[PDB]
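Enquirer: Sequence and experimental coordinates follow.
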Amino acid sequence: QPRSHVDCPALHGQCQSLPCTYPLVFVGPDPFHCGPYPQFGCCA
């Protein structure tokens, strides 16, 4: 499944404008799992 590859919701990270500034790191293009907008990157 998609969630298995990306634990965006399971981890509950934050969507920010890439690149993902450490310690956080990019996990995958998760539009639904975003704060301001889906365009952002689901940083975990």
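Expert: Structure received. Numbering: from 1, shown residues only.

Enquirer: what sits against the spatially closest residue to residue 31 that is not a sequence neighbour?
Expert: The spatial neighbour of residue 31 that comes closest, neighbours along the chain excluded (Cβ to Cβ, 6 or more residues apart in numbering), is residue 38 at 2.8 Å. (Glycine included, C-beta is placed from N, CA and C.) Residues near residue 38 by Cβ atoms under 8 Å, 6 or more residues apart in numbering: 15, 30, 31, 32.

Enquirer: Give me the neighbour count for residue 40.
Expert: By other Cβ atoms under 10 Å, the residues close to residue 40 number 18.

Enquirer: so what's it up against?
Expert: With Cβ under 8 Å, 6+ apart, residue 40 has these contacts: 15, 16, 17, 18, 34.

Enquirer: I'd assumed residue 35 was in contact with the first one.
Expert: The reference is to residue 15. Yes: using Cβ atoms under 8 Å, residue 15 makes contact with residue 35 at a distance of 4.5 Å.

Enquirer: of these two, who's got more company?
Expert: Neighbour tally, residue 15 and residue 35, criterion other Cβ under 10 Å: the higher count belongs to residue 15, 21 against 12.

Enquirer: The residue most central in space within the chain bridge partners, please.
Expert: Residue closest to the mean C-alpha point of the chain, counted by Cα atoms, centre = their mean, is residue 42 at 1.4 Å. Counting by DSSP bridges, residue 42 is bridged to residue 15.

Enquirer: roughly how far apart are it and residue 24?
Expert: 10 Å (Cβ to Cβ, to the nearest Å).

Enquirer: what do the two both touch?
Expert: What both residue 42 and residue 24 touch, as defined by Cβ under 8 Å, 6+ apart, is the set residue 13.

Enquirer: Against residue 43, how distant is residue 21?
Expert: Residue 21 is 8 Å from residue 43, by Cβ to Cβ.

Enquirer: So for the two, which residue has more residues nearby?
Expert: Neighbour count, other Cβ under 10 Å: between residue 21 and residue 43, residue 43 has more, with 23 against 10.

Enquirer: thought the more buried one was touching residue 16?
Expert: Yes: Residue 43 lies in contact with residue 16 (Cβ under 8 Å); the separation is 4.9 Å.
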